[PDB]
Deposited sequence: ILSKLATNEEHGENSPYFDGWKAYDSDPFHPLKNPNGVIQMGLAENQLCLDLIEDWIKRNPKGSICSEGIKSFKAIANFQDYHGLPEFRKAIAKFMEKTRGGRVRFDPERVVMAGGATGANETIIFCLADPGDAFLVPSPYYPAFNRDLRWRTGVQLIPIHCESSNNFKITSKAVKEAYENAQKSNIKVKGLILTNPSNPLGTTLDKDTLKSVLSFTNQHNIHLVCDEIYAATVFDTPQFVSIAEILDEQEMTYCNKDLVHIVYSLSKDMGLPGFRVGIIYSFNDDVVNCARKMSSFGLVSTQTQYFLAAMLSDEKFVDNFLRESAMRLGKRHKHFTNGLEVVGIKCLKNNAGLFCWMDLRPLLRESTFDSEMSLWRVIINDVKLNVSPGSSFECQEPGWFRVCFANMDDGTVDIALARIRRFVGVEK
């Protein structure tokens, strides 16, 4: 006699399974499936590996007893500070983050779930532009009892958020007598890999503020921007003249080191709320997903080395851009267009012309050819609740140059032999 949650728990996992089954390897499995579905950042690990060698004092008492026995939920004082500065830094030191507000959580997964707990009761709702990070359906609803309402986005205006589409989704929900507690954005965007425009942000923070609902911003890809415009954080939107009168009790940021540092395995999630009560409730809830002191120690060390941090953010961006363009260009050879983007660890590719029809059935049909016959594991627009068929997210930050070129040839091959 389990609980509802237990007693109530795989079609979009076909790609992921096809790979695990026949995993590509240059020598061992050369005709294997190339992983292009997971958003990992590895074009920089050599930068982190390096740092670790020349600095044999950023771990295991380089004070072992202290970090091992330390169990306060504000975490190590120096850990907070290094996280707050790493954040100011990512937004070009154009804003200040008070580390006394920095709260921990089980990576961004626990961050997003915890914040929802703080802003909505079972049954309440949250608005969210589509396409969006699929795990949201779990992270934001499963144990929170909170439901998600989609704000529709299409290819015409390149998938931008419009006051029309927002009030559309918003008002619509009201008819059904649904209580909307807030709106959650992802900026830079996932799966679009696009940094939201400054005015666009303003419009949304306006709508949000004009209806006293929250604006949760998951800026986890903040340090993956590799091309203009420059990333405008919500923290910056608030320090602006015309936005001075917005209620900071409605604004919150959700961060993590899993994507712009390539450390998803360290489970470093952060919640930076402009609301003191939320900061409180959020911290008390962090004792369910506190970052390991052992890991807090190591990061306080590495993130305190300005020289390293400045080099990384710069060096890393240079590679991501290099990689991205190299991939985009290859695709435009065989005539494949992508959604122009300047961030993320992937690109929003358009295969609408390869669809036999403009139906999801076709999208799923084509996708099967890619995971089985072209042997590349990629994600289909439907996985992200994209409301228009034909789009695929393709990740390019988890492999080396040679592999990126094999995939390109494979795509070049498949396309040629199709017209």
* To do: May I ask you to mark the stretches of the deposited sequence that the structure leaves without C-alpha coordinates?
  => 10-14, 68-71
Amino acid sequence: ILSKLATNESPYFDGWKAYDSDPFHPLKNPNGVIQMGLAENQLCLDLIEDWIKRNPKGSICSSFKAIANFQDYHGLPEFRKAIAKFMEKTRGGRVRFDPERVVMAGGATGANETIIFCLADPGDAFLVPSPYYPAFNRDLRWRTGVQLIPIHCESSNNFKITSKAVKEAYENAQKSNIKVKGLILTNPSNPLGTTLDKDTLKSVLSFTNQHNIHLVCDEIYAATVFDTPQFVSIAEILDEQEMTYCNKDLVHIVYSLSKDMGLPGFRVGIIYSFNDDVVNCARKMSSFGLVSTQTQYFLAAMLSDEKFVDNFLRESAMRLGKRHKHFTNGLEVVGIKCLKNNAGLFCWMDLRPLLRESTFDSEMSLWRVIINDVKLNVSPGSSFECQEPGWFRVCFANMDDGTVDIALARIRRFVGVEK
From here on, numbers count along this sequence of modelled residues.
* Asked: Mean CA B-factor: is it higher for 339-347 or for 169-177?
  -> 169-177
* To do: Would you determine, from the values in the PDB entry, which of 250-258 and 311-319 has the greater average C-alpha temperature factor?
  => 311-319
* Determine which member of 216, 331, 128, 302 has the highest CA B-factor, using the values in the deposited entry. => 331
* Selection from 62, 382, 365, 69 [criterion: highest C-alpha temperature factor in the record] -> 62
* Asked: Which third of the chain holds residue 387 when residues are ordered by C-alpha B factor: lowest, middle or highest?
  -> middle
* Asked: Where does residue 113 sit by CA temperature factor within its chain: lowest, middle or highest third?
  -> lowest
* In terms of the CA temperature factor given in the entry, to which third of its chain does residue 139 belong: lowest, middle or highest? -> middle
* Structure fact -> Assert third(CA B-factor, residue 242) within chain per record equals highest
* Looking at the C-alpha B-factor of residue 353, is it in the lowest, middle or highest third of its chain? -> middle
